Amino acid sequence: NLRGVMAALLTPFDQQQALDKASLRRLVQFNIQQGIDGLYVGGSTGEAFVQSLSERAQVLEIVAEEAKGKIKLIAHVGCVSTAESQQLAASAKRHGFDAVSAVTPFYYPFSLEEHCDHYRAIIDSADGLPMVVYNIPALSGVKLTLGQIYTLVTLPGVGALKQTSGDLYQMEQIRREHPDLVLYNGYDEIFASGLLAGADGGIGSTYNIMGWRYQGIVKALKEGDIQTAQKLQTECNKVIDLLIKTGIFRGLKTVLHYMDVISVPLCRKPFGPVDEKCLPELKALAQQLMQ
C-alpha cells in the first residue's frame, strides 16, 4: 500500500537560511495538488545532511500536520550515527508517518554486519513502521552488491528499497529475488526504464515540479502506450539536463518560486546561488510547467 510515486520533498528556507515554515506547507500542499501518492521527507533532496536533528524533526512534524491523512508519508531518518537515526525514527512514529527510511551510513567504511545492526536498531525505534532501505551509491560511496542488498532487504521490518542506481540489470535481479518487495526507482532520468526493469514506483526530486508526468508514465506503461511513456520521459529529461546544469535542488526551488510556492529559493551553504544567467530558462520552465 506504500508502492507508488513519492516526491522527495525539498526544505524551503528563508533569506537567513532558516526554515521557511509558510513555504514548506505550501510546497506540501502543492505536491498533493499534483496528485502525488506521497512525500519522502528528510532525504538528500531535503538538505537533511546540512540540517540538525531538531530541524529535521521539525520538518517531519509540520509536514505530518499538513499531510497526515491526505497522502502517504515516509520519513528519511538516516544519519551516519545509529543513535541519531534511532532518535529521528521515534519522532517518525510519534508523528504518524507511514514509514521510516535510512541511507546506508556513509563516510566511514562499515561492514555488512554493521550496516544490518544499524538498520535493526533503527527499525526497533521505528516501533512498527516499515523500513525503506536507501541505496544511493553516488552520494554515499556505498556500492551494495546484489547479495548485500538481499541481506538488508530481508531484515525483519524492511518493506521497501529506494534504488537510486542506474543499473537496471540489478533493478530486475532485485525484483526477481524479492517479488514482494516495494521497489522505488531513485533516478528520475530513467524512471520509464526503471519501471520496465522491475520497479513498481519511484521517489524523485523533480516530482516537486512535475509529478504528474511521472504519474503519466505509470499510466501509459500500465495502459500499454509505450509511445507516450517515452514522450513523457523525454520531456522529463530535457528538464533534468537543465536542472543538472543550474544545480538540481536550487534549480527546483527557483522553479517553485516562480510558481508561487517557494518564497526564497535558497539552499544552505556550501550550496551556492543559482547563476543569474539561468533565471530566464528556469522562469520559462516554470511558465510551461504550469500546464
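Residue positions are given as counts along the sequence shown, with the first one as 1.
Participant: Got a sec? Mean C-alpha B-factor, which is higher, 65-73 or 46-54?
Facilitator: Mean B over CA atoms: larger for 65-73.
Participant: Using the temperature factors of the C-alpha atoms in this entry, rank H115 within its chain: lowest, middle or highest third.
Facilitator: It falls in the bottom third of the chain.
Participant: Taking the C-alpha B-factors as the PDB entry records them, is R26 in the lowest, middle or highest third of its chain?
Facilitator: Ranked within chain, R26 CA B lands in the highest tercile.
Participant: Give the position of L243 by CA B-factor within its chain, expressed as the lowest, middle or highest third.
Facilitator: Lowest third - that is where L243 ends up once the chain's C-alpha B-factors are sorted.
Participant: Among the modelled residues of this chain, does the Cα B factor of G157 put it in the lowest, middle or highest third?
Facilitator: Ranked within chain, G157 CA B lands in the middle tercile.
Participant: In terms of the CA temperature factor given in the entry, to which third of its chain does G96 belong: lowest, middle or highest?
Facilitator: For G96, whose C-alpha B-factor we compare with every modelled residue in the chain, the answer is the highest third.
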